[PDB]
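[1] Build me a model:
(chains A and B, ligands or ions: 10)
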Protein chains: 2
Amino acid sequence: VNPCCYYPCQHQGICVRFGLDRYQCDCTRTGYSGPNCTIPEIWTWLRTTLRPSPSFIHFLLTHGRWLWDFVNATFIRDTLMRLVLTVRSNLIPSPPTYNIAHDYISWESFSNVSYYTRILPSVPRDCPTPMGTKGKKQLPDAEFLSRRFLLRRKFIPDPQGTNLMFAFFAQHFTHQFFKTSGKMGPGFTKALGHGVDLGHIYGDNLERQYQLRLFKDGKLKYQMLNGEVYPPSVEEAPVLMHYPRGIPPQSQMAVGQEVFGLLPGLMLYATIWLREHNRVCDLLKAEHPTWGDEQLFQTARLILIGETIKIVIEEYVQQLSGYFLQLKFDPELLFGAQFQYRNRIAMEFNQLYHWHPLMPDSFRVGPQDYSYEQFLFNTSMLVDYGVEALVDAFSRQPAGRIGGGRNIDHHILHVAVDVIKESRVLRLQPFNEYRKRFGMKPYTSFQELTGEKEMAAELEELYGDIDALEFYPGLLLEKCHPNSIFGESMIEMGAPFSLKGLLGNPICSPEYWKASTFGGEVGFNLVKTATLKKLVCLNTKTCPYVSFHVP
Amino acid sequence: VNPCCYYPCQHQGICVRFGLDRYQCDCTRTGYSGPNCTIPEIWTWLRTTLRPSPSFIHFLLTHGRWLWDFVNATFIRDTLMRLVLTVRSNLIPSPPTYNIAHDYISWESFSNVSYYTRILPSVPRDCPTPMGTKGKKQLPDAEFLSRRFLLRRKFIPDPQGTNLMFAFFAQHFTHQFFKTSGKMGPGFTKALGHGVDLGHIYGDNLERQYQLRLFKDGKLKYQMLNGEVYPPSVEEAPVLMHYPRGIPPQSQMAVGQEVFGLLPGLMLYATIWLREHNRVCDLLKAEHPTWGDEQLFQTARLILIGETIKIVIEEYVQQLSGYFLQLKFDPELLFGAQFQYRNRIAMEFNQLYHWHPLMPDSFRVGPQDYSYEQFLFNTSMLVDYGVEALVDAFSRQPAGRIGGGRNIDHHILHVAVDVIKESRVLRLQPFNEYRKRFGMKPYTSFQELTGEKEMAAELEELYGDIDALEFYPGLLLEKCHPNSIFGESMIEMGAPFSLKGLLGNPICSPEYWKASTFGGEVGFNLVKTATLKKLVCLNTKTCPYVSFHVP
Ligand code: HEM
Ligand code: HEM
Ligand SMILES: *[C@@H]1O[C@H](CO)[C@@H](O[C@@H]2O[C@H](CO)[C@@H](O)[C@H](O)[C@H]2NC(C)=O)[C@H](O)[C@H]1NC(C)=O
Ligand SMILES: *[C@@H]1O[C@H](CO)[C@@H](O[C@@H]2O[C@H](CO)[C@@H](O)[C@H](O)[C@H]2NC(C)=O)[C@H](O)[C@H]1NC(C)=O
Ligand SMILES: COc1ccc2c(c1)c(CC(=O)O)c(C)n2C(=O)c1ccc(I)cc1
Ligand SMILES: COc1ccc2c(c1)c(CC(=O)O)c(C)n2C(=O)c1ccc(I)cc1
Ligand SMILES: *[C@@H]1O[C@H](CO)[C@@H](O)[C@H](O)[C@H]1NC(C)=O
Ligand SMILES: *[C@@H]1O[C@H](CO)[C@@H](O)[C@H](O)[C@H]1NC(C)=O
Ligand SMILES: *[C@@H]1O[C@H](CO)[C@@H](O)[C@H](O)[C@H]1NC(C)=O
Ligand SMILES: *[C@@H]1O[C@H](CO)[C@@H](O)[C@H](O)[C@H]1NC(C)=O
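    Numbering: from 1, shown residues only, chains lettered A, B, ... in the order given. Ligands and ions are numbered 1, 2, ... in the order given. Sure, the structure comes next:
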């Protein structure tokens, strides 16, 4: 049997096969020696024997508001943050390593950008069981597993206060770097860019950007409806969109992310940003009468990438974590560090981010309470209500807890079924292995993963071994932190991929982080002071309650 | 007039335009302050007031063989080298900055890999003269300039001892990262990869690699002629090659770099590497009976990339420089440094590397002395003579000096004409500006550039200003160092682009520099001990005189 199915090599050592029955662990620079990379170095030993749990820490960061307030005002706000940045990032390899096709380093992996990368190689196709050595030869029926432990029975709202404004924000932002090529199969992405390139606004390819562009003042095309600015129609900007058969071009808004037409929340955010891009164009032209379309356009896009990275980090993250520590977005905290301004979307990351439980049972817009069947392909709700109305609405309605179990609405429960299935095609390693990869202790029993006995008992008879518990289910069934949106793993696997992905954008490099990159101090400050409220309000007649937190 | 035409901003500060008549220099992190980035910081001041000339240094490195021998044996061989690596590289920006289309940072520049990048933005299209502010409104006729100062009158052999083996090596290796898209125009490359990806062996695209591949044991296809291994025929591997009309497929060797069929030297090296790739496949399979085609193939290619980087660095560079200091290729000297494992071929670099003077007057193969007209599209010379014969020949025949003037053979003198012309389309800045970019003092007169009065006097009446002397001519007409192949600028602009380009390959990163990346200690050592002699000799029945130095 393939010795590597035993996952012999610890601490990131690489299991290389040799001969017909041998294997060797490459423990290069792992901090351990030995046949399985298990004997630590004196420093490695200390470093770990002194690492307080991710649990201990999540305690502190969510406690002592008073003590934090002070720290937040001291220089220490930078110091911590930096540490977080450096440390968190180390967990993610760069340049990237494996892909659906190669469980080894290779020029093709490194250069063929159509593949999502992956942190751990697949479960060798020649192992006894689907997960390697443990568990049953057959895995739990995805469908069943989904109805038993993920089907929302009673809506559990998120204790942190997260609202649909955040939910839709997350949905929008993620679909600019998560864009699986249905034509190529799982493992393949259409979002070459692998990051915050804002391609969900400008298009994932030149042709499409040129379609969406006004080619005047750096402006993005658009249309006026009710005296308000909205994305142009597919008639004006003949771009490919995914609207159900039967809807005319003149009723479809062209936007960049073909999929965005199937949900007002999505098309709401697409409108705020289009508005914002054209707004910045004006600020620029005023300053640089000499510039042309391209430069106004290119510089506009760099300012928005910056805005996005800031909001995404100081308001979007902040809310999620729940910490008292003022996460500061400052590309300079990294200038002294050894960091690689490069990123590549990992398949693990596309999964761990599939937070469908967030969606509510119905969508309340004032006295009006719309059903999924009334929300889903509603070409009229946005123009009808207008930005402000929806922004206030989503900002007020709570979104559901993400971790815990049985909280995904039946309407989209199929998506979770597909995710589990894809996981298997991708041949992802077991949850417990990823635990270790991200520096955590693997679970010893189902009752420790879930904080109880009922589900644990059944997961046990389904999986057989805790060491056979799959990635996604493991992520959504594990116990939440105190009054959290989710638990450990999400966070300990989530932030890494999720910070490296941001700080690793080229604009955060010393080479690009210059006022001139943004057209001068004005563009630069736009970036430096971006804010959710400013983003909405500087682009709306009135300024509604706008937050990632429910009032 | 465009204020930026005056190249106002010093020390890499960025000239941003404002209003109709203003401009601002972005001196961010330049080490200088002031409206033009001219007032240094106390440290910057010291650092430069104490920098011994590139001339002073090139003296030392080429002198004191005895003192060097010791240093070479001390730990200092690493220490220096490191310094060279770090320092040299800093001169080159990463992530990349401008391109033919954008004289500003931009997402498109950063992501559209079809463009060659450039270190200095173009000469604004709205400047008084072609070079900005100085010189004449009309530039010297390329053709004339070429016949007057570059046309080889009497063959000047290179004083360093360089032979055609080196010449062809340079030619081969460069055409894997220099591959201008004739269909797209100047500024565009077909070599996405921008570096040592060995695509001149495997193809610049998947389709073509699959054509060249045996799909057995990781082997590359091939054919036996005279009991010897040679690249397959276009009949066997239906791949696109550039052979003159009238030559049948059965007489064309398919190789990866379409252009390689027009010169035995080129097809000589293509044969040595194909041989080498298949040789390593065997070493691998033996070790890993369990592996398949892909993995043998992928791992083979990583070993060759490594071999190439080593030879290219310890034998190929060493020869050029002329230094006594043992350049050591060790990716680890950089593990402590802040380095970006990323590269992008600059247009300046495609020019500065256009060393056509190297080619001799005739090609001597034993008693036989072939003319260009007998060498150029000679489909039979390689199979006729075989690897060894040619390798001995080229290793024995000296190549001509590269710097100095009037040493390019008439047969290919057109190429220099085109280079000067392309330079102008690309709107490259003046030679003197690049001097400064790469930390050198700009020339004050033509007589200082050339080491004399005759050519200097005429270049002067042609250009008008030394500050209008173009890049390429400036590079090939400047005075050579003592008994050197070329001079300062070549070297002070050459090594940077040329080292960053190597150490910046992903395999040199801590992430990939592991024995497992190469299939174990065996592949790893193959890399670690690669050598020109081993490369040829382990792939030939007999081992001829093989060197980059003439006997
Ligand atoms: C109205 C509620 C929502 C609906 C209709 C929905 C539906 C879907 C569907 C159909 C898939 C594709 C997989 C498949 O079923 O074949 C998907 C993928 C995705 N969704 Fe949603 N989703 C919702 C909200 C969100 C939210 C709030 C997030 C959280 C950011 C999110 C994250 C994801 C991710 C990461 C993917 C993968 C993207 C890719 O594979 O390219 N979705 N969603
Ligand atoms: C038998 C002698 C040689 C011939 C026939 C030759 C010919 C050419 C020609 C035709 C061009 C293209 C530009 C044009 O004319 O439109 C070219 C480009 C090039 N050659 Fe050679 N060359 C020779 C040797 C070499 C050598 C020894 C080097 C040095 C490495 C070299 C370096 C270059 C470079 C850098 C380019 C640009 C590649 C690109 O634009 O893609 N060539 N050569
Ligand atoms: C990136 O990798 C994918 C997968 O190898 C390549 O796509 C396949 O390429 C081969 C040869 O062109 C085809 O036979 C397959 O049908 C292709 N598609 C799929 C979905 O496998 C793709 O060509 C590579 N892209 C680049 C730019 O190298
Ligand atoms: C990279 O940039 C080049 C130049 O912009 C793009 O090529 C041009 O693209 C437009 C739109 O497709 C065409 O009208 C031109 O004819 C294209 N060719 C040339 C030579 O200009 C190219 O499409 C870009 N590539 C990517 C992958 O973005
Ligand atoms: C201050 O830097 C950051 C930046 C982002 C961070 C965090 C810290 C933390 C916690 C921490 O690292 O402190 C989480 C929760 N983050 C996320 O945005 C996240 C990403 C993906 C997923 I799935 C879940 C969460
Ligand atoms: C030890 O690291 C290196 C590596 C490469 C080096 C050098 C040093 C030097 C000199 C130096 O930097 O010491 C030159 C001459 N190099 C070149 O290969 C070169 C590249 C392009 C061109 I055009 C001309 C020369
Ligand atoms: C290495 O791991 C394998 C598989 O778990 C195990 O059988 C072997 O005993 C281990 N060797 C050591 C020294 O831990
Ligand atoms: C779309 O939303 C509007 C509210 O703006 C509602 O009146 C309309 O009925 C919805 N359309 C569908 C098909 O549910
Ligand atoms: C800046 O450079 C411009 C153009 O060379 C020059 O006219 C001006 O005097 C300079 N200003 C200073 C303070 O050097
Ligand atoms: C090709 O080279 C051979 C020497 O191997 C020579 O005899 C032959 O004439 C050459 N062909 C041409 C067309 O010059």
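[2] ranges for the strands of the stretch 251-400 of chain A?
    Secondary structure of the stretch 251-400 of chain A (DSSP state E, counting those that start in this stretch): strands at A:363-365, A:368-370.
[3] List the neighbouring strands of the first one plus their orientation.
    Yep, that's strand A:363-365 we're talking about. Paired neighbours of strand A:363-365 in the sheet (DSSP bridges): strand A:368-370 (antiparallel).
[4] so residue A:362 touches residue A:371, yeah?
    Yes: using C-beta atoms under 8 Å, residue A:362 is in contact with residue A:371, at 5.8 Å. For the C-beta atoms, the positions are set from N, CA and C on the backbone; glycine is no exception.
[5] The two: which is more packed in?
    residue A:362 (14 against 11; other C-beta atoms under 10 Å in any protein chain shown).
[6] Tell me the residues of the stretch 301-450 of chain A that contact ligand 8?
    Residues of the stretch 301-450 of chain A found near ligand 8 (C-beta under 6 Å from any ligand atom) are A:374, A:378, A:380, A:381, A:384, A:385.
[7] Return the backbone torsion pair for the residue of the stretch 51-200 of chain A found nearest ligand 5.
    Nearest residue of the stretch 51-200 of chain A to ligand 5 (C-beta to the nearest ligand atom) works out as residue A:84 at 4.6 Å. Dihedral angles phi and psi of residue A:84 (degrees, to the nearest 10) take the values phi -60, psi -50.
[8] where's residue A:152 relative to residue A:431, distance?
    According to C-beta to C-beta, to the nearest Å, residue A:152 and residue A:431 sit 22 Å apart.
[9] quick one: which of these two has more around it?
    Taking neighbours as other C-beta under 10 Å, residue A:152 and residue A:431 compare with residue A:431 leading, 26 against 21.
[10] For the residue lying closest to the more buried one once chain neighbours are set aside, grab the count of nearby residues.
    Spatially, and ignoring its direct neighbours in sequence, residue A:431 is nearest to residue A:474 (3.0 Å; C-beta to C-beta, 6 or more residues apart in numbering or on different chains). Neighbourhood size, residue A:474 [other C-beta under 10 Å]: 21.
[11] Might you report the residue contacts of residue A:474?
    By C-beta atoms under 8 Å, 6 or more residues apart in numbering or on different chains, the residues touching residue A:474 are A:430, A:431, A:432, A:434, A:449, A:489.
[12] quick one, phi psi at the residue lying closest to the residue of the stretch 51-200 of chain A closest to ligand 5 once chain neighbours are set aside?
    Distances taken as C-beta to C-beta, 6+ apart place residue A:499 nearest to residue A:84, at 7.4 Å, with adjacent residues excluded. Here is the backbone geometry of residue A:499 (degrees, to the nearest 10): phi -110, psi -50.
[13] Next, count neighbours for residue A:499.
    21.
[14] Do I have it right that it meets residue A:90?
    No: counting by C-beta under 8 Å, residue A:499 stays clear of residue A:90, with 10.6 Å between them.
[15] which ones are touching the nearest residue to residue A:121 once chain neighbours are set aside?
    Nearest non-adjacent residue to residue A:121, counting by C-beta to C-beta, 6+ apart: residue A:103, 3.4 Å away. Applying C-beta under 8 Å, 6+ apart to residue A:103 gives the contacts A:121, A:122, A:124.
[16] how about the residue lying closest to the second one once chain neighbours are set aside, secondary structure?
    The shortest distance from residue A:122 to any residue that is not its chain neighbour, by C-beta to C-beta, 6+ apart, is 3.8 Å, and that residue is residue A:427. For residue A:427, the secondary-structure state derived from DSSP: H, G, I helix; E, B strand; the rest coil is coil.
[17] ok, residue A:427 touching residue A:127?
    No: contact criterion C-beta under 8 Å: residue A:427 and residue A:127 do not qualify, at 9.5 Å.
[18] So the residue of the stretch 51-200 of chain A closest to ligand 5 sits against residue A:496, correct?
    No: look at residue A:84 against residue A:496 with C-beta under 8 Å: they stay out of range, at 10.4 Å.
[19] between those two, who's got more neighbours?
    residue A:496 (22 against 17).
[20] Which helix or strand contains residue A:168?
    Residue A:168 is part of helix A:164-174 when elements are defined by DSSP states H and E.
[21] ok so, going back, the residue nearest to residue A:121 and residue A:124, how far apart?
    Separation of residue A:103 from residue A:124 (C-beta to C-beta): 8 Å.
[22] Give the burial count for residue A:379, as a bare number.
    Applying other C-beta under 10 Å, I find that residue A:379 has 18 neighbouring residues.
[23] Now it: closest residue in space that isn't a chain neighbour?
    With sequence-adjacent residues excluded and distances taken as C-beta to C-beta, 6+ apart, residue A:379 is closest to residue A:251, at 5.2 Å.
[24] ok, back up a step: quickly list what's touching both of residue A:499 and residue A:90.
    With C-beta under 8 Å, 6+ apart, residue A:499 and residue A:90 have no common neighbours.
[25] Return the closest of the contacts of residue A:103 with respect to ligand 9.
    residue A:121 (57.2 Å).
[26] I'd guessed the closest one sits against residue A:98; true?
    Yes: with contact defined as C-beta under 8 Å, residue A:121 counts as touching residue A:98 (5.2 Å).
[27] between these two, which one's more packed in?
    Each of residue A:121 and residue A:98 has its neighbours counted (other C-beta under 10 Å); residue A:98 has more, 21 against 18.
[28] Report the distance from the longest helix anywhere in chain A to the chain centre.
    If you go by DSSP state H, chain A has its longest helix at helix A:264-287. Centroid separation for helix A:264-287 versus its chain: 23 Å, with C-alpha atoms, centre = their mean, to the nearest Å.
[29] Give me the helices and strands touching that helix, please.
    When contacts are defined as 3 or more C-beta pairs under 8 Å, 6 or more residues apart in numbering or on different chains; DSSP states H and E, helix A:264-287 packs onto helix A:164-174, helix A:199-202, strand A:228-230, helix A:293-311, helix A:381-396, helix A:521-529, helix A:532-537.
[30] Show me the strands in the stretch 51-200 of chain A, by range?
    For the stretch 51-200 of chain A, applying DSSP E, counting those that start in this stretch gives strands covering A:98-99, A:117-118.
[31] So for residue B:291, which of those strands sits nearest?
    Of all those, it is strand A:98-99 that lies closest to residue B:291, at 15.4 Å by C-beta to C-beta.
[32] Next, count neighbours for the residue in the stretch 251-400 of chain A positioned nearest to chain B.
    Relative to chain B, the nearest point of the stretch 251-400 of chain A is residue A:298 (3.9 Å; C-beta to the nearest C-beta). The number of residues packed near residue A:298 is 21, by other C-beta under 10 Å.
[33] check contacts around it.
    Here residue A:298 is in contact with A:218, B:102, B:104, B:106, B:107, B:108 (C-beta under 8 Å, 6+ apart).
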